[PDB]
């Protein structure tokens, strides 16, 4: 059987596991009594592997062998501008392998191993699995893992691969605002209501407009940024004090991983205090060359360093209203989820966007996504106290084909309810052409050069025939997980010839994943 299915929020900075059992939903605390665990992995010089609180608590004294924010590298390529820019800001070594960013660390004894970003996330999911196993007293084999609503195809498939390596059958990847909406409607049966979910966390940002109705969750429009969150807010404060320290002492601590990571930890602590205080102090003894650090960060200064980023979070709210053809007066409640929504300026911009409407209070914004994942996990396990929970979720990105001239020809438009299928006829351009190549793109821009490349597919096995004669129907199906599957079939009359498809996505093959699964089972 499926056992006890758990819900895991796999966040950029913080992960959280919960279960729906015995007629209620519970967040499960780790071995240190913490309801939420940092998405951290570290390797001590003695050879001990650390995950979670222990991995983060030694970041300052071991920044090169401490891995974090791997969610900003999963499902990406080495040539990704976001990847190349994040290399300069991460204290651990990232090398190119199979055109993908791989993490290289020292595991003690002078031996250095290289991990795929899916393997790093697999360790975090393993810590969440073991946290639930220690609480339930039995092995956990199935789970529902959260992903940002704006994750693309590669990011969604990579997250499922991380669960596979962690020894988990990912029954469902659930979008964060959809999961947050489930947590909002668990105690409410009030008919049809329009909800706007504002999900701003450590590394990602999502805004979804949902129509709730007594257990039915209908996502109308979603839009956001997978690379916008609290980590970018801390960096603005980090870069401010690095220039200030250079101005006062003439020292450039930019190349010192130990000093920079000490500043990042204290900057993140001061940001949390500034949500309830107006001034926070940052003290770091032996910060650089035995010189201590002592500065005060004002809330007004913190808002000043991030005001452009704070204001940019209103554009997705504007886009989901335009796509849904709804006005501000149509929104019944506003739900703020994610750790970064605790910022008073964020709550002020959202409130002033909706003309002073107070957001809905009640659900912990740090755990709301984790609650909904657990409730959906209870539904998929057939729990006698879940109800008829139905999720009508959509795809965030428009799938298109690159035609002649670099034009983005829309196949499946954005905000299309999943699962969905779309078929289209393709033919050959030259006589006796044995292969037809199709390039799929994700994005809303008119030209494919501005959109993200999902993959290049080739339709081999075409028998000799004049141009225009072959009739290949290619079907594009997006599953309930939001992941695309491409299939081709001959539609002309005569002998039905098999059309084999090959791609250049260069993702983790099943043989490579099985090696990573066995390498993880050795712990």
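Positions refer to the first chain, counted from 1.
When the C-alpha B-factors of 380-388 and 145-153 are averaged, 380-388 comes out higher.
Look at the mean CA B-factor for 497-505 and for 11-19 in the entry; the higher one is 497-505. Within the listed group 71, 246, 160, 265, the record reports its top CA B-factor for 246. When the Cα B-factors of 412, 337, 317, 326 are read from the PDB record, 326 comes out highest. Among the modelled residues of its chain, residue 174 has a C-alpha B-factor that falls in the lowest third according to the deposited record. The PDB entry assigns residue 107 a C-alpha temperature factor belonging to the highest third of its chain's modelled residues.
In the PDB entry, residue 431 places in the highest third of its chain by CA B-factor. Among all modelled residues in its chain, residue 424 ranks in the highest third by Cα B-factor. Ranked by C-alpha B-factor against the other modelled residues of its chain, residue 401 falls in the highest third.
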